[PDB]
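Here's a solo chain for you in structure tokens, the form deposited in one PDB entry.
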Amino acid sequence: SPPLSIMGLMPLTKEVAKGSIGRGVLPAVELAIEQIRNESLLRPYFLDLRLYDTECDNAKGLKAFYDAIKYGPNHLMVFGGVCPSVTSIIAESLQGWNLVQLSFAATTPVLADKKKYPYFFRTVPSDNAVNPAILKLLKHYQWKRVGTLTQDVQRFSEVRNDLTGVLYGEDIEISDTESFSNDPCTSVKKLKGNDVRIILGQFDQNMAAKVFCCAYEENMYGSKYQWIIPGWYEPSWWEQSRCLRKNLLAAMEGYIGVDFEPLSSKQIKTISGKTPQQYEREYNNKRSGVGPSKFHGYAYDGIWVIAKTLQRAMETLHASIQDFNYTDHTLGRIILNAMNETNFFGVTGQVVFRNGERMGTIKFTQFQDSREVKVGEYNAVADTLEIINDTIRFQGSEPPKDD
């Protein structure tokens, strides 16, 4: 069978920390490739995924890309890009080789700029995708006044900057905007002073424990308060200086965590004929000793996006592929228009793009006594919120008031 070559770009080496994402997703990738080949979905052709180690480094990642174009087969598209700076470099240059890229793990909002990154697509929602979800949560609980607490690091300030445009033209007031670099205590005292009740927090796992320490000291917890913070922290992250552990847990009690949903909760058959639950069992058996990655479903659906895209492109050519050097502008545009048509039910839910960006599912969690528990989900396609009955709880008789 003639091969349909795809350039796999990701950190794979054990020497690089992010190599766990690349390795954690390969069993999922193997599963989708195996099925597509068995079903002969791409008949007469077959999907040829070639893997190249970026090592999560700008120079090594660029040379890996350059070496793939030079010595590798003729790739039709790019699959991957995990680390934000390496992905930005490759994604900005794509047009030069008429290569469409689909990432499954690069969540940096920067990449949504189609003036800079027109050939870039991602199956994973970006860090900003939590914002239309939070707006729905605020509307649901009648929270019209909010305060913000942001760490002065690009990852977080990007999210806070996006929140401004999401809450604009909506009946929601950001009464207090507070930033911090090393210590949140001064900013937490200012929020308390301005009588903020609903706090939208954007900060890392290390700063989170400091935030909740200050919260306990300033009594910014309990029935009167609602903290809405990142949902992507390690489990038992708080266990890992002035506050006590019991006092941290007391201030942490009831916080809402927000992050993308790793897999669909719907027991409905996907494009592969398996439900998300069946795929998850298949993935856990196949991964063996390799540690699981939360991006696995996004990588699995990613392969299906490529296969379906190649199918549509093959039809477009037949309506009128082998000699695709990186010079064929027309084929690149065909692949680009075919990927824009993507609309199927995958393991991560409905796989659809809005200007290269994934319209997906956002998970809502709540810290309850010892851990984060799922309390809801936001559907970005329908722009709908579903709050799980008899899970979410408030210390008072009613959810807190915003003033």
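Position 1 is the first residue in the sequence shown; the rest follow in order.
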| item | value |
| --- | --- |
| Other entries omitting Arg242, at least a third | yes |
| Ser320-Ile321 interval: deposited residues absent from the model | 4 to 9 |
| Chain break class at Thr327/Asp328 - deposited residues not modelled | none |
| Mean Cα B-factor comparison, 126 to 134 or 185 to 193, giving the higher one as deposited | 185 to 193 |
| Entry-level comparison of average CA B-factors, 377 to 385 and 391 to 399, reporting the higher stretch | 391 to 399 |
| Options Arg160, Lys246, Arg155, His296 - largest CA temperature factor per the record | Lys246 |
| Residue of maximum C-alpha B factor among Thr361, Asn38, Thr54, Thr365, per deposited coordinates | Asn38 |
| Ranked C-alpha temperature factor of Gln267 among modelled chain residues, by third | highest |
| Ranked against its chain, the third holding the CA B-factor of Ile335 | middle |
| Entry-reported Cα temperature factor of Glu30, expressed as the chain third it lands in | middle |
| Cα B factor band for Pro235 (lowest, middle or highest third within the chain) | highest |
| Entry-reported Cα temperature factor of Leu62, expressed as the chain third it lands in | lowest |
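Below: the form deposited in another entry, not depicted.
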property	result
Chain position at the hinge linking the two rigid parts, options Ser126, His140, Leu49, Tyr225, forms compared between this form and the one not shown	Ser126
